[PDB]
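Residue numbers (the deposited numbering), protein chains in the order written: chain B, 33 to 56, 74 to 136, 152 to 185, 185A to 185C, 187 to 309, 312 to 323, 323A, 324 to 359, 361 to 399, 401 to 464, 466 to 504, 520 to 546, 572 to 664; chain A, 128 to 136, 152 to 177; chain O, 1 to 91, 96 to 104; chain N, 1 to 52, 52A, 53 to 82, 82A to 82C, 83 to 100, 100A to 100D, 101 to 113. Note that the Cβ used here is the ideal one computed from N, Cα and C, for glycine as well. The structure appears below as structure tokens.
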Amino acid sequence: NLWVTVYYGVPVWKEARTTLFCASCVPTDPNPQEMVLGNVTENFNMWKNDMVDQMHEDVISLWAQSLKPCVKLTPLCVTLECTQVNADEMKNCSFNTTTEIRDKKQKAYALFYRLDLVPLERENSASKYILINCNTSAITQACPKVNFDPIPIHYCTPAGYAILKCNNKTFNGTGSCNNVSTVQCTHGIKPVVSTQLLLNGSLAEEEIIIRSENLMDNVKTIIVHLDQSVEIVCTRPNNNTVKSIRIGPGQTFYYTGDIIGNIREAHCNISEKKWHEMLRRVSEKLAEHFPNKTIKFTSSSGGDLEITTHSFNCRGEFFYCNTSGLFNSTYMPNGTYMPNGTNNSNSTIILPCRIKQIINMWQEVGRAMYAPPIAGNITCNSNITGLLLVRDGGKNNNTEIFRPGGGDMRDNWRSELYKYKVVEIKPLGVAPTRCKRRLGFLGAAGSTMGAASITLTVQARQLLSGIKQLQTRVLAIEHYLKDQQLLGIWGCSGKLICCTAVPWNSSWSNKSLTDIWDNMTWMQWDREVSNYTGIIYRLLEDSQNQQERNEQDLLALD
Amino acid sequence: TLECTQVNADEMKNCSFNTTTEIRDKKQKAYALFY
Amino acid sequence: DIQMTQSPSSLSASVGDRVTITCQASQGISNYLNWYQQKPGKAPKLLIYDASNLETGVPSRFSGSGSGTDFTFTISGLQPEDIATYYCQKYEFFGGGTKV
Amino acid sequence: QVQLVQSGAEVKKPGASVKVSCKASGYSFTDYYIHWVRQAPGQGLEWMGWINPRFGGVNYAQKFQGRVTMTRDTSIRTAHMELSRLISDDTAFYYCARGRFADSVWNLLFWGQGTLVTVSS
Ligand SMILES: *[C@@H]1O[C@H](CO)[C@@H](O[C@@H]2O[C@H](CO)[C@@H](O[C@@H]3O[C@H](CO)[C@@H](O)[C@H](O)[C@@H]3O)[C@H](O)[C@H]2NC(C)=O)[C@H](O)[C@H]1NC(C)=O
Ligand SMILES: *[C@@H]1O[C@H](CO)[C@@H](O[C@@H]2O[C@H](CO)[C@@H](O)[C@H](O)[C@H]2NC(C)=O)[C@H](O)[C@H]1NC(C)=O
Ligand SMILES: *[C@@H]1O[C@H](CO)[C@@H](O[C@@H]2O[C@H](CO)[C@@H](O)[C@H](O)[C@H]2NC(C)=O)[C@H](O)[C@H]1NC(C)=O
Ligand SMILES: *[C@@H]1O[C@H](CO)[C@@H](O[C@@H]2O[C@H](CO)[C@@H](O)[C@H](O)[C@H]2NC(C)=O)[C@H](O)[C@H]1NC(C)=O
Ligand SMILES: *[C@@H]1O[C@H](CO)[C@@H](O)[C@H](O)[C@H]1NC(C)=O
Ligand SMILES: *[C@@H]1O[C@H](CO)[C@@H](O)[C@H](O)[C@H]1NC(C)=O
Ligand SMILES: *[C@@H]1O[C@H](CO)[C@@H](O)[C@H](O)[C@H]1NC(C)=O
Ligand SMILES: *[C@@H]1O[C@H](CO)[C@@H](O)[C@H](O)[C@H]1NC(C)=O
Ligand SMILES: *[C@@H]1O[C@H](CO)[C@@H](O)[C@H](O)[C@H]1NC(C)=O
Ligand SMILES: *[C@@H]1O[C@H](CO)[C@@H](O)[C@H](O)[C@H]1NC(C)=O
Ligand SMILES: *[C@@H]1O[C@H](CO)[C@@H](O)[C@H](O)[C@H]1NC(C)=O
Ligand SMILES: *[C@@H]1O[C@H](CO)[C@@H](O)[C@H](O)[C@H]1NC(C)=O
Ligand SMILES: *[C@@H]1O[C@H](CO)[C@@H](O)[C@H](O)[C@H]1NC(C)=O
Ligand SMILES: *[C@@H]1O[C@H](CO)[C@@H](O)[C@H](O)[C@H]1NC(C)=O
């Protein structure tokens, strides 16, 4: 009494991973054209998203594609004769390098930071030093045209896929999300690189949202997504005079020649009241996950400068703040915050950022970078929009010690690509009907199976049918053609709603028509009849083969 | 240019040479056995 | 603090008897328990990676299952080569060990 | 073949510091966490701490904080641990261990040889 009817263009999707393409790389369109999916609830998992791995690869590839046509400082991996800067933090280094003409030499003097030098002999009169890691790999000088101001990147879908945003204002990142929306592109995501503190991010809509893969171990990074930003202003007060020398045929090396005025240390200012209010609210939100525990914030217990300090790019200069006056607090279950009196204060927390020039890029090891100096001084403002915390494991007397963390740059991108999931549309499906043979994309995803069988020409047209994109264009074409070939083999070519001669077997589903078309959505139906598609498809092609042979026999009768 | 003697410490020679070291201002003396 | 409670502390068995060892976590909400066979003089050997999944290089006689705060490890017949101290572990927290 | 080779046994007096090393061979050093486990002679296994050799991150247990320093030398693929202010209760076999996968690092499939540290007068 019920027969298999093949539908094409149903609002059904499966989880999948594709090579989404940036679009600052291709001009973006007026709006993302967001279609809110009513009555749709999807399972997100921020800690298993692929959009993060793709963004990581894109960033470690754009960065390494801007330093390729730039001067490599091979001629400067020479013995330096360095004295104290009394005309330590900085040294006045003299060296003999190679000049533009490949027969002469050149004597130069530059001021380098002590963190950029490694002694060749007992450190004290001049002492011998070389540039850090220059004898282990090549140091590439950044071209003056390299843009150190993060540019928002929009990730847009290839044909055949959709980005499912999550609009629950209090979502942490993992688990079921309702009020799911479909978008074509993401918002503008800045590739901001910062350790311990997330800078220039998006704020939480409602409150501080503690998120972690598992708040029970001491390995997973805890991301604190703030609702109100704390402003940080960082400066390098020294008035630097930049000099340059040529080290080859068109290869210009830039360095600090002298400093005008006195020598002052770089620093960052965070208002005490705003910081300690932020840490109070984060300590009360972390008390909701670790009940009856004492919550303490302390400085990092170890590691390299890139993770024990707050590392950030300020107008190209790479600062490294101590951040040990910030993370010094105790919050107990009684609700009193130990370092009190910081709610009526006018003080400032001065963090002594150090400056480094030979920056060990990412952790590639075999590739460093030289950040050229900028004449004059530098001041940068930024918004602190989140924290990266690591919890201390082991036995304890009911006290948690959340110490800053970072270094892994995926956890800096898992705090803006948290709401986005990539899915692949499955426009081809089957359902029982009484039929015998003889708006926007996914807009009806949450509608019943009888109201989504009218919006088929809208999810069908939006299938839109170097290497990273071209392979996904070819893949989308292959998937489209495989679906068309399936329809053709079944005798359904050229139709979106196709009635067949295959009877419905009650073992596939025993629901009545008023329990399917009127009460269920296409996603629930796909989740029901999924183990049986390898039987239905075979029956459909066998029935079409029988119909084709019967048709040629009838057409040869006369 | 290698300064090669017999391996009596032919099939192999004990070759001394002056090559470039990691720091691009010094040199290095080495000895290797080559066929 | 996630205290591991492991019992029995000492299990007396001969060759071929079925051995049952229990481990009671204080907090669970995740099937992430590991079982380590430690022979005297050697560093422990992992047998049950995850609550139930078995480790390569370990014969099928070893098994276990469980969830939440209650896990069970069994041996389908003790062999002469199976004399060891067995420990349960959840994340950084180790149990007291059962001598088999 | 994945191997972890640790230094041999050592004898120290109370108050001294001991440095233990765990040469790592067979895999990419800067992609996996190394866990240092202290086995008391007959009192079980204490986790004590983990090191992340990519950026050198550490997470010392809340008991052994202030006394257990961990470092890493990637040029020779060797991890180092330092335990200061030794007491007679610190006698144990110190084991170096790694997880089978970077994604799940608690499945300590790969272990080195134990380093015996004796503390006595
Ligand atoms: C977080 O965002 C803020 C604001 O977007 C960033 O600070 C801003 O950085 C840009 C680029 O460094 C500064 O513009 C520059 O100004 C100088 C002098 O006027 C000019 O020579 C450059 O060509 C460029 O226009 C901008 O002034 C600065 N804004 C403020 C308010 O200081 C900040 O760097 C971002 N933080 C991170 C960590 O990326
Ligand atoms: C860094 O050292 C160089 C010398 O290595 C200094 O340059 C000399 O400065 C004196 C100052 O009286 C001049 O008389 C010399 O003629 C300079 N020599 C050269 C080769 O230029 C330089 O001033 C020092 N700079 C700092 C900031 O300490
Ligand atoms: C690169 O050069 C630095 C500086 O010469 C080397 O560091 C020294 O290496 C020797 C090796 O015998 C040690 O004894 C010194 O103590 C090291 N000095 C410092 C200040 O750390 C470094 O080893 C060289 N790199 C390589 C790969 O050999
Ligand atoms: C290859 O030749 C080198 C010299 O060029 C030999 O090295 C010397 O060996 C003598 C043996 O008495 C030593 O006293 C010298 O100090 C060594 N010199 C250096 C620079 O190391 C080397 O032994 C020869 N090897 C072989 C296999 O013939
Ligand atoms: C440069 O070369 C001269 C050659 O006489 C040498 O004396 C001088 O020390 C060299 N400079 C440095 C900084 O090593
Ligand atoms: C977001 O998810 C939480 C999960 O408990 C739920 O309670 C809340 O109602 C959701 N919010 C909205 C606006 O749907
Ligand atoms: C995140 O929210 C989901 C909602 O289902 C919940 O199951 C999970 O435990 C939460 N995790 C954290 C770390 O807050
Ligand atoms: C769902 O998200 C949309 C996004 O525009 C918002 O307008 C709407 O109020 C949200 N609904 C709920 C119930 O949170
Ligand atoms: C930070 O505060 C100190 C207070 O003495 C002030 O001198 C300094 O100029 C301030 N720095 C910035 C960048 O606002
Ligand atoms: C920050 O300054 C304190 C001052 O006592 C020092 O002990 C600490 O090591 C410094 N931290 C870093 C990361 O340099
Ligand atoms: C640095 O000093 C020079 C010369 O006195 C002056 O022209 C310049 O404006 C100063 N720059 C700053 C940022 O103070
Ligand atoms: C920080 O956020 C506030 C929010 O109102 C904004 O006005 C300000 O311009 C932001 N500052 C920076 C430096 O981005
Ligand atoms: C969502 O469910 C409500 C239930 O009352 C219904 O009125 C509404 O039409 C549904 N929306 C869609 C888009 O199916
Ligand atoms: C290395 O250089 C010295 C410079 O005096 C020279 O005498 C010697 O012969 C050179 N070595 C070789 C093997 O040519």
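* To do: Specify the secondary structure class of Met530(B) as computed by DSSP and reduced to three states.
  => Against the first sequence, residue 530(B) aligns to sequence position 449. DSSP, reduced to helix, strand and coil, places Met530(B) outside both helices and strands of the structure shown, so it counts as coil.
Out of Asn53(O), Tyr91(O) and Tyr36(O), which one is the CA nearest neighbour of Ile83(O)? Reading the third sequence from its first residue, position 83 is the one you call residue 83(O). Each of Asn53(O), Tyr91(O) and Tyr36(O) was checked against the Cα of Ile83(O), and the nearest Cα belongs to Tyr36(O).
For the region 115–128 of chain B, enumerate the residues whose C-beta is nearer than 7 Å to any C-beta of chain A, in chain order.
Per Cβ criterion, the list reads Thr123, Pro124, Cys126, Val127 and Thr128.
Practice problem: Report yes if the CB atom of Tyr586(B) is closer than 7 Å to the CB atom of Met100(B), and no otherwise. | Solution: The residue given as residue 586(B) occupies position 480 in the first sequence. The residue given as residue 100(B) occupies position 51 in the first sequence. Going by beta carbons, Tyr586(B) and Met100(B) fall outside the 7 Å limit.
Nearest-angstrom Cα distance between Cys296(B) and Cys331(B)?
Residue 296(B) sits at position 234 when you count from the first residue of the first sequence. Residue 331(B) sits at position 268 when you count from the first residue of the first sequence. The straight-line gap from Cα to Cα measures roughly 4 Å.
| query | When DSSP labels each residue in this structure, what does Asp279(B) get in the three-state scheme? | reply | Start at 1 with the first residue of the first sequence, and residue 279(B) comes out as number 217. In the structure shown, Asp279(B) adopts coil according to DSSP, grouped into three states.
Quiz item: How is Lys601(B) classed by DSSP in three states: helix, strand or coil?
Solution: The residue given as residue 601(B) occupies position 495 in the first sequence. Coil at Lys601(B), not helix or strand.
Spell out the partners DSSP gives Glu10(N) in its beta bridges.
Stepping through the fourth sequence from its first residue, residue 10(N) is reached at position 10. Answer is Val109(N).
Quiz prompt | Cβ neighbours of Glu130(A) in the same chain (closer than 6 Å, five flanking residues each side left out) | solution = Looking up residue 130(A) in the second sequence gives position 3. Result list for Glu130(A): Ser158, in chain order.
Tell me which residue opens and which closes the beta strand (DSSP E) that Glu81(N) is part of.
Position 82 of the fourth sequence, counting from 1, holds the residue named residue 81(N). Segment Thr77 to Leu82, the beta strand (DSSP E) holding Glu81(N).
- Query: Does the Cβ-Cβ distance between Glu275(B) and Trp479(B) come in under 7 Å?
  - Reply: Looking up residue 275(B) in the first sequence gives position 213. Looking up residue 479(B) in the first sequence gives position 413. Between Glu275(B) and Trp479(B), the gap from beta carbon to beta carbon reaches 7 Å or more.
**Prompt:** Are the beta-carbon atoms of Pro220(B) and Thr77(B) separated by less than 7 Å?
**Reply:** Numbered from 1 along the first sequence, position 158 holds the residue referred to as residue 220(B). Numbered from 1 along the first sequence, position 28 holds the residue referred to as residue 77(B). No, the pair does not count as a contact, with Cβ atoms beyond the cut-off.
Check your understanding: Heavy atom of ligand 8 less than 6 Å from the Cβ of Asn88(B), yes or no?
Key -> Here the question's residue 88(B) lines up with position 39 in the first sequence. Not one heavy atom of ligand 8 sits closer than 6 Å to the Cβ of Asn88(B).
- Task: Give the residues from the region 34–45 of chain O that approach chain N closer than 9 Å (Cβ to any Cβ), ordered along the chain.
- Result: Taking a C-beta cut-off of 9 Å against chain N, the contacting residues of the region 34–45 of chain O are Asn34, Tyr36, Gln38, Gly41, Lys42, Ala43, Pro44 and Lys45, listed in chain order.
Span of the beta strand (DSSP E) holding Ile51(N)?
-> By 1-based counting over the fourth sequence, the position of residue 51(N) is 51. Residue range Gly44 to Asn52 is occupied by the beta strand (DSSP E) that includes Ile51(N).
Quiz item: Between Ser56(B) and ligand 12, is the CB less than 6 Å from at least one heavy atom?
Solution: Counting from one through the first sequence, the residue named residue 56(B) turns up at place 24. Flag unset: Cβ of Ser56(B) not near ligand 12.
Residue environment, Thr283(B), which counts as buried when at least 16 other CB atoms sit within 10 Å = Here residue 283(B) corresponds to residue number 221 of the first sequence, with the count starting at 1. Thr283(B) should be labelled buried.
- Using a beta-carbon distance cut-off of less than 7 Å, what residues from the region 187–220 of chain B approach chain A? Per Cβ criterion, the list reads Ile192 and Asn197.
- [ ] Mind listing the chain B neighbours of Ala60(N)? Cutoff is C-beta to C-beta under 8 Å, in chain order.
- [x] Residue numbering aside, residue 60(N) sits at position 61 when the fourth sequence is read from its first letter. By Cβ distance, chain B contributes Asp457, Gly458, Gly459 and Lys460.
Check your understanding: Could you give the distance in angstroms between the alpha-carbon of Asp1(O) and the alpha-carbon of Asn31(O)?
Key -> Within the third sequence, the letter at position 1 stands for residue 1(O). Within the third sequence, the letter at position 31 stands for residue 31(O). When rounded, the separation of the alpha-carbon atoms in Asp1(O) and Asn31(O) is 18 Å.
Is it the case that the region 469–477 of chain B contacts the region 365–376 of chain B, given that we only count it when at least three CB pairs across the two stretches are under 8 Å? Yes: the two stretches touch, three or more of their Cβ pairs being nearer than 8 Å.
Rounded to the nearest angstrom, how far is the Cβ of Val11(N) from that of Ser25(N), given a contact under 8 Å? Mapped onto the fourth sequence, residue 11(N) falls at position 11. Mapped onto the fourth sequence, residue 25(N) falls at position 25. So it is not a contact: roughly 27 Å between Cβ atoms.
Original post:
At which residues does the beta strand (DSSP E) containing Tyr173(A) begin and terminate?
Top reply: As a first step, residue 173(A) must be located in the second sequence, where it is residue number 31. Per DSSP, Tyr173(A) is one residue of the beta strand (DSSP E) stretching across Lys169 to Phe176.
Cβ atoms of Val127(B) and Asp167(A): under 7 Å apart, would you say? Stepping through the second sequence from its first residue, residue 167(A) is reached at position 25. Stepping through the first sequence from its first residue, residue 127(B) is reached at position 78. Yes, they are a contact pair.
When you compare the CB positions of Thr387(B) and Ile467(B), do they come within less than 7 Å of one another, or not? Start at 1 with the first residue of the first sequence, and residue 387(B) comes out as number 323. Start at 1 with the first residue of the first sequence, and residue 467(B) comes out as number 401. Contact flag unset, no.
Give the residues from the region 253–284 of chain B that approach chain O closer than 9 Å (Cβ to any Cβ), ordered along the chain. Of all residues in the region 253–284 of chain B, the ones placed with a Cβ closer than 9 Å to any Cβ belonging to chain O are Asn276, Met278, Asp279, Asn280 and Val281, in chain order.
For this session: Measure from the C-beta of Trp100B(N) to each C-beta in chain O and report whether the shortest distance is under 7 Å.
Result: For this step, residue 100B(N) is matched to residue 106 along the fourth sequence. Yes, its Cβ sits closer than 7 Å to a Cβ of chain O.
Quick test of your reading: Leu33(O) and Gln89(O), contact by CB under 8 Å. State the CB separation rounded to the nearest angstrom. Taking the third sequence and counting its residues from 1, the one referred to as residue 33(O) is at position 33. Taking the third sequence and counting its residues from 1, the one referred to as residue 89(O) is at position 89. The Cβ separation is near 7 Å, so the contact holds.
* To do: Pull out every residue of the region 421–434 of chain B whose Cβ sits closer than 8 Å to any Cβ of chain N, in chain order.
  => Cβ proximity to chain N below 8 Å picks out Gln428 and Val430 from the region 421–434 of chain B.
Does any residue of chain O bring its CB to less than 7 Å from the CB of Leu108(N)? As a working note, residue 108(N) is residue 116 in the fourth sequence. The beta-carbon of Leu108(N) is placed no less than 7 Å from the nearest beta-carbon of chain O.
| field | Residues, ordered as in the chain, of the region 369–399 of chain B that lie near chain N by beta-carbon distance below 7 Å | value | For the region 369–399 of chain B, residues whose beta-carbon sits nearer than 7 Å to a beta-carbon of chain N comprise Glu370 and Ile371.
### N- and C-terminal bounds of the beta strand (DSSP E) containing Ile415(B)
Counted from its first residue, the first sequence places residue 415(B) at position 350. DSSP places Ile415(B) inside the beta strand (DSSP E), whose first and last residues are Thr413 to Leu416.
Is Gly68(O) near ligand 7 - that is, is its Cβ less than 6 Å away from at least one heavy atom of it? Here the question's residue 68(O) lines up with position 68 in the third sequence. Flag unset: Cβ of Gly68(O) not near ligand 7.
Quiz item: Pick from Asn625(B), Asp664(B), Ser615(B) and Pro609(B): whose alpha carbon is nearest that of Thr37(B)?
Solution: Locating residue 37(B) in the first sequence gives position 5, counting from the first residue. Measuring from the Cα of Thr37(B), the nearest candidate turns out to be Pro609(B).
key: Any 3 or more C-beta pairs closer than 8 Å across the region 421–435 of chain B and the region 194–207 of chain B   = Of all C-beta pairs linking the region 421–435 of chain B to the region 194–207 of chain B, three or more are shorter than 8 Å, placing the two stretches in contact.
| With burial defined as no fewer than 16 other Cβ atoms inside 10 Å of the residue's Cβ, what is the status of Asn463(B): buried or exposed? | The residue labelled residue 463(B) in the question sits at position 398 within the first sequence. Here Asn463(B) is exposed, its C-beta having fewer than 16 other C-beta atoms within 10 Å.
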